[PDB]
Every structure is written in C-alpha cells, then in structure tokens.
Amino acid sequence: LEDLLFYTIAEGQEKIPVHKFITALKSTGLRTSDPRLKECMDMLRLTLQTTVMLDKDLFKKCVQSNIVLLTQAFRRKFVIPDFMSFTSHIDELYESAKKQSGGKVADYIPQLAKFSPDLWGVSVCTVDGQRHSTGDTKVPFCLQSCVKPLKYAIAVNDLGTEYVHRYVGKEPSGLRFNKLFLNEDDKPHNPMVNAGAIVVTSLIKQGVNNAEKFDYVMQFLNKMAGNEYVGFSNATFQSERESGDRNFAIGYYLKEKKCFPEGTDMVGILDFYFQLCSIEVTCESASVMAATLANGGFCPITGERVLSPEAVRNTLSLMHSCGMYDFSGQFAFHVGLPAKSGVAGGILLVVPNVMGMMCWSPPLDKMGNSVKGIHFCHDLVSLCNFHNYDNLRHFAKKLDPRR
C-alpha cells in the first residue's frame, strides 16, 4: 500500500521531494490541516528536523498511519476525482454571480444593516473532505434561519421522528397561508418556519437551564463543522430580543393552543430561540456542517458520526420543500437541492452524496433570499447534473463532476 503509492508519486527517481508530495496532496482538494491527516503531517514535520527528500522507508514511516485515506486520494477515488477542474467551474460561477449586485441588505436590526453589500463568499466541502473557497469565506455571520434545519436534526437525533412530529408538521403551508402560525391540526406547519422552529427549540434538552441547552447545541454544531469556527453574536442576540414582537406573538399563541411539551417556560424558550439565531459561522465552517448532512450524518473531515440517518433524511426532506421561504416551491422545482436561507444572506446548501456548500452575500431579494446565492444555485444546477431528479446516466449537456 505504502509502497504502491510510492511508485505512483515517484515514477522514476528513488526519492520523492517533500513539496512534490504536498502539492499532489493539495491538488486532490484535501487540506494539509485535515484532522484525518495529522499523524502523517506530524511525521513529516519531524522528518524535516531530523535530517527535503524521502526514500521508500522514510515515506513508509510518514504515511502508514493515514494510508487508507491517501490511497483513495491518489487513486482518484474521491467523489469528485478531477477536483481542480471542478473548482475552476465554481470560480467561474462565483464570478458570474458577482455581477448581480441588486437586492437589499437586511436592516431591521443594526447588526445586519452594517454588513457591506459586496461581501460574497462560497465554500465547498465534499463528503470526502475536499475543500474549496472563493471570496469572503472567513468572515463571520449569524446563521439566522440557517440554524433551523440544524436544531431540527438535533431534535430528531435525540428524540426520534415520531415524538418531534407530535409537535411540528411536515409540509409547506402553501403561499396564501405563509402567515398562519398553525395548520388545521393545530401544529406549526413545519420546522423551517418561525413557529415550527420555536416549538422545535422547546423540545431540545428539556429540564435544564438555557446555558446548558445552549452549550449542548454548541457542542453539537462543533462536531458538525469538524471543530471549525462556531461563535456567538451577543449584539445580534440583544437586538433580536428587543424587537421580536412577532415571535412573542407566536409564543403566546402556541402557549394558548397547547403546542409545547408540558412544563415549558415559553418566555425562556423564546430567549433560547433568539440565542440560536445569533450563532455565528463562516462560509468555511458552515460548508462542513452542510457536508455532514450530505454525508449521512458523518462529518467528512473527522469521520465522526454526529447525527442519525433518520435525523439527516428528515432534515434534507424538509429543506427541499420548506427551505427558501415563499420561493421554496420554485427552488425545489428549478434547483431541486435541500437548501436553507437566512436573513444575514447565507444559503446552506446540500448536494446529497456529493458535497455541502455555504453561499453568503447579505443583499436579499423581495422573498428574503440572497440574490447572489440564488443566482449561483441556479447556475450550479444548470452546469452539473445535481438536481434531485436529474438522471445519472442520461443528463443531456450537463457535466457530471463524479466521472
């Protein structure tokens, strides 16, 4: 194994230069900081202080702990084998959406209004841990409604579908009912609207205070993002709470109609709910969260199982049909990917079995969705055969980046 891969990377010459190995490694799309590569990069750093050039036996020493993963990377066995070609396509789509500079930045609170209209970043993480970022991908921003699927998933993971769906429905309202809080069975319509998300919030880690509930959720997001940036915006929390009249309206109505688990402190659930909307990510950390969803609940950069299959399948289903506000039907039809948008300008996107993305540009269209994000998501499915109901064999002129 260690030896066979030596012959792939050497191919004549009995010594591999270190940079040659690293630069072939990066070109698969793995980063050198990948947690699954640490034994190998540790042994490499130590070799460079013990002697820029590797024999068979020294290469064996470095890679033998991580050899299964390096083999797949070098045998082009990753989900996207020509990743360099792919990223060049992402970059083109990025540049094309960059010309769409209309929309209006959200301003209802000071913290959304301050963000520049020209911030625009796209991050990819495949289900094999291959990474790409273009534009403003290391700039923190609040998840807002992008957190709705993540706390839904956490709820289904801990409690099961059956319990969760005793409290929250499973369908879009339909466009003329995007301002009823309840369906005919007196449940919120689905987890992706505010009333539904407020009830989901009330299910998570019952019988502990908000500090522990918050810490428990944050632990969960950490694992989903493979330990990348997950932070918190107190400024955003305070504004959300000092101006969430509509969500307070939702909470009293739900209390009235008995929508909560017994023993619920509705006013504290609203506090929890605003906290969760204020959790901060970057394009890069969030792309990994989306890839966990794309990868059956396994984080692709650590290999850790974070969510049950049930949790992930339910979440992708509801993101497909209810994920993009009143554009949910049009998006399902034209893009046909699980996606969730937010008022900060994020679009969490999942291509099941392939990758997770986060697109972010603050300016929103009249439905609440990032203009550039929406433009990018249309272009991505125009280009690649990723639509849910694209055929994997007969896909016309679309490119299939899995071949």
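In case it trips you up, residue 1 is the first one in the sequence shown, and so on.
J.: Count up the deposited residues without coordinates from residue 51 to residue 52 and drop the result into none, 1 to 3, 4 to 9, or 10 or more.
T.: 1 to 3 residues are missing.
J.: When the C-alpha temperature factors are averaged for each of 32-40 and 365-373, which stretch ends up with the higher value in the entry?
T.: It is 32-40 that shows the higher mean C-alpha B-factor.
J.: Can you tell me which stretch has the higher mean Cα B-factor, 84-92 or 280-288?
T.: The stretch with the larger average C-alpha B-factor is 84-92.
J.: Going by the entry, which of 46, 339, 343, 359 has the most elevated CA B factor?
T.: So the option with the highest C-alpha B-factor is 46.
J.: Going by the entry, which of 123, 315, 243, 190 has the most elevated CA B factor?
T.: Spelled out: the listed residue with the top C-alpha B-factor is 243.
J.: Would you mind checking where the Cα B-factor of residue 140 ranks among the modelled residues of its chain, as the lowest, middle or highest third?
T.: Residue 140: CA B-factor falls in the middle third of its chain.
J.: C-alpha B factor of residue 263, ranked within the chain: lowest, middle or highest third?
T.: For residue 263, whose C-alpha B-factor we compare with every modelled residue in the chain, the answer is the highest third.
J.: Relative to the other modelled residues of the same chain, rank the CA B-factor of residue 100 and answer lowest, middle or highest third.
T.: Top third by C-alpha B-factor.
J.: Divide the modelled residues of the chain into thirds by Cα B-factor and specify which third, lowest, middle or highest, holds residue 176.
T.: Tercile = highest for this residue's CA B-factor.
J.: By the recorded C-alpha temperature factor, relative to the other modelled residues in its chain, which third is residue 233 in?
T.: As the PDB entry reports it, the C-alpha B-factor of residue 233 lands in the middle third of its chain.
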